[PDB]
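Before any comments, here is the structure.
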Amino acid sequence: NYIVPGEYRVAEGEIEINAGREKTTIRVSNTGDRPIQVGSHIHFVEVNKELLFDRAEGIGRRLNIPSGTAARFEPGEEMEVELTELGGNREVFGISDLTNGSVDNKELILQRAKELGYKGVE
Amino acid sequence: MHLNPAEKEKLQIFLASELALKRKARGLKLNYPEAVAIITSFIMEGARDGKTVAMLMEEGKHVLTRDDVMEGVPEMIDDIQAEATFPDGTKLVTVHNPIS
Amino acid sequence: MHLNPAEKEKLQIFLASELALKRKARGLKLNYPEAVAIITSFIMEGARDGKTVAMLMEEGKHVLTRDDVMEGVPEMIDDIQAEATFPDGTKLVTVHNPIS
Amino acid sequence: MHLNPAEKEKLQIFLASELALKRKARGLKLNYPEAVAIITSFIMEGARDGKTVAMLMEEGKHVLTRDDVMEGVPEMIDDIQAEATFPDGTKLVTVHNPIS
Amino acid sequence: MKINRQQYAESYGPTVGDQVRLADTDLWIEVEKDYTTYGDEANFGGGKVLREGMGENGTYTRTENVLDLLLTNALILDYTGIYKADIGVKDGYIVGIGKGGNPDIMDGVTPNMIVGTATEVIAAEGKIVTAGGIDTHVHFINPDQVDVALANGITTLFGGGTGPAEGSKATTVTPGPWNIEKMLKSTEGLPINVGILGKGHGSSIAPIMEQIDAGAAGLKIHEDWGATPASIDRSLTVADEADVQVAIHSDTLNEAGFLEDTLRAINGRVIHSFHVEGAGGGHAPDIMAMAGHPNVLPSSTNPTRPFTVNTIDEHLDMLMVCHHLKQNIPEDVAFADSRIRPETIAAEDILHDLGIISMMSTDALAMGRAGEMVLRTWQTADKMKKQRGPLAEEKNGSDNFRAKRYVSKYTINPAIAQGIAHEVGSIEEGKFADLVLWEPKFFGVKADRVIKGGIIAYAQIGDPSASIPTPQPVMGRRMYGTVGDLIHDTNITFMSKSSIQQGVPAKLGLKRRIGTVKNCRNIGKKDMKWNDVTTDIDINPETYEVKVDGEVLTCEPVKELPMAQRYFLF
Amino acid sequence: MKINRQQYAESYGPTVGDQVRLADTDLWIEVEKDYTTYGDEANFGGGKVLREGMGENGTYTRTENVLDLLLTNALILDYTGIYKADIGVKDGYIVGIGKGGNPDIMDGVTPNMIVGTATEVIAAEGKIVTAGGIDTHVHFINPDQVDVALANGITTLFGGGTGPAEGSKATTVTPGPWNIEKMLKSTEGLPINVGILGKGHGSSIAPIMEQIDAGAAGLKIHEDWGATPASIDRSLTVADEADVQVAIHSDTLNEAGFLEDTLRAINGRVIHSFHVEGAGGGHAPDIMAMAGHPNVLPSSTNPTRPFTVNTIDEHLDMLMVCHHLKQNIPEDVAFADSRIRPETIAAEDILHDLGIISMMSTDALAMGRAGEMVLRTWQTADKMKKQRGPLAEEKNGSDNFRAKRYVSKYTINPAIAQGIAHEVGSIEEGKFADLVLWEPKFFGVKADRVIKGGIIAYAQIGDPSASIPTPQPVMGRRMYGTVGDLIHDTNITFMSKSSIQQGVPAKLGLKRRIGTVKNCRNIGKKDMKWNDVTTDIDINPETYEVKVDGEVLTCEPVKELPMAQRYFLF
Ligand code: NI
Ligand code: NI
Ligand code: NI
Ligand code: NI
Ligand SMILES: [O-]
Ligand SMILES: [O-]
């Protein structure tokens with residue numbers, strides 16, 4: 001019965017994020033000499049050119065991490081990350097200008113990624 | 001004196017600290033604004049004394065203890081922040097969890 | 001601290017009371033605003049101490065006597081009123097004819 | 001209390017003087033606003049005590065000396081001026097070169 | 001991937017089933033539902049979700065379903081529910097309650113809650129958000145009273161006065177066309193919503209009605225102007241024609257009638273009964289029986305709220321001093337003893353708990369505290385839980401039913417009573433964006449940020465010279481919504497339909513938003529949200545004992561309250 | 001008759017070859033030239049020169065070459081020179097710099113600087129006069145910040161915000177047409193010049209451009225809204241069409257790119273790089289390399305200025321607390337260590353000294369001090385003189401070259417960067433009369449008098465109840481230029497050409513003077529006065545070592561500064 005003013009009494013259980021969406025694990029390498037941190041809601045194919053991964057596996061996806069958090073890659077660091085699917089209309093505009101429409105246009109996204117030197121387009 | 005706006009406001013903190021120290025001296029457990037005032041004034045006077053930001057980050061955790069304050073006050077105060085003129089100009093001091 | 005408007009104003013009363021108490025300590029007969037400040041601050045500190053409204057209505061008549069103040073000051077002060085936070089919330093104290 | 005605008009402002013000077021006196025008591029050399037505050041409050045309290053303007057013009061030159069204040073502070077303070085209520089009403093006191 | 005509930009609540013605020021303590025009370029609110037999609041919560045900052053091409057849409061212009069302001073992750077406490085949502089504001093109004101962000105990539109986005117280029121963000125994660133308080137018993141005596149009210153989460157002041165004139169110091173009255181015009185002009189500089197009451201006194205219609213046509217929003221009947229059967233009758237005839245509310249402070253002295261005479265003059269017409277317990281005024285000793293009637297919208301003022309060990313000593317002395325009464329004149333002592341009654345003050349706590357008194361109010365600077373309407377509402381609910389237990393209607397060990405009953409008393413019910421609930425009084429789509437953010441540790445004590453018409457008007461914030469806004473001293477300060485011409489767009493002057501039709505705003509050069517008072521004459525007790533109980537209240541004329549359904553209503557005074565000495569410097 | 005130089009300087013202020021110490025620094029300024037005629041100096045008072053038929057002309061009407069205001073015997077410190085002159089003001093503008101008085105009887109009177117019946121006098125003998133400071137990194141968070149800025153000689157605030165909303169607490173952004181309109185109305189009550197930045201974020205032009213048409217004066221790109229290649233590109237396309245400036249806080253996280261990616265998106269277009277050292281934000285660790293490029297107008301914010309023994313401890317903790325980072329999460333510690341770097345803060349002191357960083361700014365209330373832009377400029381120049389010696393360019397043992405290099409950083413260079421230097425930023429004929437008088441003992445610490453549009457807006461002045469204005473307490477106070485409608489004529493709202501053409505001022509009822517933003521897209525580093533150096537800045541990604549011309553730029557932190565504990569009560 002000690003009172004902490006405004007304290008929470010949270011319920012039992014756990015919160016599952018991005019429930020029901022496909023998950024994908026991929027290896028990602030920071031080939032640059034400066035650190036790269038990637039937020040939860042950036043279209044994963046549009047991250048920093050010097051991140052090396054299978055760019056096709058970033059299309060229509062983002063990191064499967066709590067909303068508002070980020071994954072960090074130190075210079076030269078390679079690690080696995082888990083991606084989830086974008087929702088809503090599954091459209092991306094702006095950011096790196098690789099998509100500007102449906103994420104279903106994989107051919108077009110990868111052509112633009114390759115032309116601009118985003119590492120890991122097969 | 002050439003008081004600027006901050007100098008005028010910060011006189012209030014010193015005053016509230018003096019009030020709170022009188023209340024503590026006559027045996028009262030201090031409340032939330034009292035505790036904040038005492039620790040804040042301590043930081044500003046420490047800067048004036050020429051202590052470092054690092055010294056005040058340490059000392060500010062030992063100004064008041066749990067038995068100086070009312071139930072719940074330690075858990076109400078996550079941080080106390082003050083800016084004061086150090087020998088090397090204005091700096092920000094944050095005292096985290098000042099009262100355990 | 002989260003000071004509200006009244007908390008900021010009432011710091012002034014404490015300050016004026018400290019000034020007046022220093023003047024009384026060096027032997028001065030106190031004037032109208034000095035006397036009001038001392039009795040007002042006494043009431044507010046008494047609430048903070050957890051006294052009742054009834055205790056402060058009594059005590060406030062014995063803080064200053066006629067020989068503490070200038071000629072005419074007792075007859076200038078019909079009432080002193082203060083609101084302060086008691087353990088049971090804000091209450092109004094009126095001290096009638098505080099100085100006989 | 002019936003505070004007028006000047007009475008409210010001049011409470012600040014007393015407060016700044018109390019702050020400065022605490023700093024001097026723990027061994028600090030005082031700065032420009034501290035020194036001004038101490039001498040100003042001294043003048044206003046002297047009026048309240050019933051001293052003459054001439055007495056305060058003299059005394060105000062002996063409140064702080066060069067070794068009480070930081071390098072350059074004596075040469076920064078050409079004059080300190082205060083108005084206060086003397087027994088014969090408000091008068092202006094100017095203390096020239098208060099700190100030689 | 002799963003997040004434990006403690007970490008989830010720390011990051012995004014609480015979700016469904018989680019409870020939050022209100023300040024240092026023993027009241028707990030429980031999240032009833034949550035509009036989010038777990039994993040697509042909105043948030044703002046470095047590497048956070050509300051960024052261009054991500055949770056912020058980079059395509060849509062402002063007109064295209066984009067918000068001016070998103071409050072993220074709010075715990076809403078309102079008569080409509082206690083629940084978790086994003087709140088979207090546009091053109092100064094609440095336009096969406098639901099889930100904000102970017103339909104490009106997020107599931108579950110409410111279609112008109114797009115975060116776009118045009119959108120400002122307020123983080124409400126870990127905050128309680130309420131409607132601004134509606135104070136309907138304000139004496140305009142000292143303009144310094146406005147910040148006092150804003151600091152405790154009040155956003156609307158309804159009442160009267162011209163400053164510290166005796167008529168205004170006693171009564172919520174701005175009398176006659178000229179004083180009303182002058183105070184409508186004064187209101188252009190007050191950073192709060194305002195409605196002005198005229199004098200509800202006269203035996204001819206025209207002297208009363210001309211106040212409504214001049215721009216009054218309602219009338220006040222007060223015994224100090226003669227709360228006679230004639231003044232009551234003419235005021236209610238005017239109100240029924242003009243569609244404005246009438247507040248009454250009845251004839252304490254019983255000079256021209258007893259309570260039954262005042263009710264006969266009212267003749268079943270709608271009326272707001274001020275300080276219905278009666279310490280603040282009314283037929284001695286039985287005025288509080290008004291609160292049983294279906295045509296009465298009953299409010300308390302705050303100094304009797306709740307019943308404490310200092311209340312009677314404080315009130316008996318206050319009444320004697322105010323009225324210049326003498327302790328050695330037996331008629332004076334008899335009057336005071338007839339008006340300040342522990343029996344009716346104790347019963348008033350319980351009548352609030354039972355939903356028989358529908359509203360709180362201040363009586364600011366006449367016999368009440370401008371900054372304590374919200375404070376004392378929650379102190380009353382806390383005392384009633386301690387003394388009467390959880391209400392029968394509760395479930396899950398939460399105090400949600402009590403919390404909705406009590407929040408209604410100072411938000412929606414005063415707005416309904418005044419005919420202004422189309423604009424203010426609740427967090428609902430289509431209403432003005434008057435919103436108060438509270439840290440739960442300060443809930444009902446000191447507001448964090450007060451939003452007026454979608455712009456922050458008042459905030460607890462620190463040193464303006466600092467690198468960041470949190471260093472000391474943290475104190476209540478007016479924000480940009482109060483500065484320059486923005487004070488016009490962020491605040492409403494409430495006026496009668498007739499004054500609006502007759503062009504009073506243009507005549508006086510009023511630049512504030514103009515609110516219409518309407519739908520005040522059709523309503524009754526049944527329209528008071530969570531506080532709709534009608535019953536026969538018996539007040540024993542010998543003992544002052546209050547009975548409802550044959551049971552004496554009594555409770556003890558408390559020696560201590562929450563929301564008191566832990567928080568206040570004085 | 002001859003006057004010795006000590007007595008001459010005591011009576012009229014210094015003349016040619018005389019030096020003045022800036023506050024308690026070891027910086028000396030030397031009078032380069034003097035416009036007076038010895039013996040015909042202007043002065044005002046009993047038996048003084050500016051009297052009818054003498055130094056005051058009694059013939060000419062105001063239109064006939066007569067001034068509204070003469071500042072007598074000013075020591076001007078400006079990018080244009082350090083020199084002695086009278087300053088004449090008319091219609092709120094500087095109309096003459098030269099010699100004022102009466103051509104009837106005085107030699108050398110500048111023909112449009114007649115002292116006549118219409119002329120007010122300010123005695124500037126023994127004062128230093130500068131242009132008002134131009135702060136281009138202001139967060140509008142707390143209106144109390146305006147007096148803070150005026151007290152340290154700032155007269156123009158460029159930035160954004162809606163008050164203490166999280167978007168505004170992080171970013172200099174007033175987002176979208178509605179928030180921009182609201183804050184233009186708020187600005188009617190702020191006694192300082194203002195320009196508002198919109199959100200520099202979007203992937204379509206129209207959502208960004210509508211902010212410029214609504215009345216924004218520029219844009220801010222900030223990482224917290226997504227400092228992506230798309231947002232950068234669209235913002236600069238808008239800016240090039242609209243002729244407004246873009247400020248950038250780049251992608252610290254390197255999420256969508258490294259510095260070279262941001263420069264590629266900029267594509268040689270003009271941009272203002274905020275807090276270019278990077279503690280205040282930007283590509284970790286090498287953002288400060290921006291300051292070498294010809295299309296970059298680089299500014300510092302003030303908390304890193306200059307490098308002191310408390311700087312790193314203060315900044316590392318501030319960053320952790322602000323960003324809610326945990327000392328026990330290695331990613332959080334790595335991020336903080338990547339952003340707060342003694343190597344780049346020490347190099348930033350030297351880059352200022354070399355004229356490679358062109359501007360100072362505050363970052364008021366987001367990560368910077370509203371009242372310390374001028375203060376810390378001079379503390380930096382003093383530290384650099386102590387550590388690096390007099391610059392090669394100096395002569396006569398004066399610090400004039402350094403003094404012109406540093407005064408330019410907070411006066412003319414921000415005004416040029418923003419497209420407002422036709423109105424403000426220097427003491428030149430034809431510019432708005434925003435002037436700051438300083439006692440040399442308080443120079444850069446506390447302004448004596450701040451003139452806004454030719455009327456004093458702010459002054460260090462004493463007891464308002466006293467016989468004379470000098471008795472205690474002497475404190476910063478708003479003067480008549482801030483009162484009533486005079487606040488409209490003494491201050492400028494800077495707006496885009498398109499908002500002005502579209503009649504936004506009339507639509508919103510703005511009464512302030514309206515300033516046009518223009519000539520922002522044609523300029524580069526070469527246009528920064530005394531601070532025009534382009535060079536290849538190398539930042540070692542492993543050690544954070546900064547190199548220019550193959551030399552490591554490093555200096556020690558200092559334990560003490562001038563303009564600090566001698567002056568401040570806290
Ligand atoms: Ni009443
Ligand atoms: Ni009343
Ligand atoms: Ni920044
Ligand atoms: Ni900033
Ligand atoms: O009342
Ligand atoms: O910033």
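Note that ligands are numbered from 1 as they come in the structure, with each ligand's atoms numbered from 1 the same way. Letters A, B, ... mirror the listed sequences (proteins, then strands); counts begin at 1.
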For the Ni ion (ligand 2), the nearest N/O/S atom on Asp363(E) is atom OD1
May I ask you to decide if the ring planes of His137(E) and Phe274(E) are parallel, tilted or perpendicular, using 30° and 60° as cut-offs?
parallel
Quick check: does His275(E) have an N/O/S atom under 2.8 Å of the Ni ion (ligand 1)?
yes
Indicate whether any N or O donor in one side chain lies under 3.5 Å from an N or O acceptor in the other, for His315(E) and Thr304(E).
no
When you check the side-chain N and O atoms of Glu348(F) and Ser300(F), is any donor under 3.5 Å from an acceptor?
yes
Please verify the inter-ring angle class for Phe158(E) with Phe494(E); under 30° counts as parallel, over 60° as perpendicular, anything in between as tilted.
tilted
Any N/O/S atom from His249(E) (main chain or side chain) under 2.8 Å of the Ni ion (ligand 1)?
yes
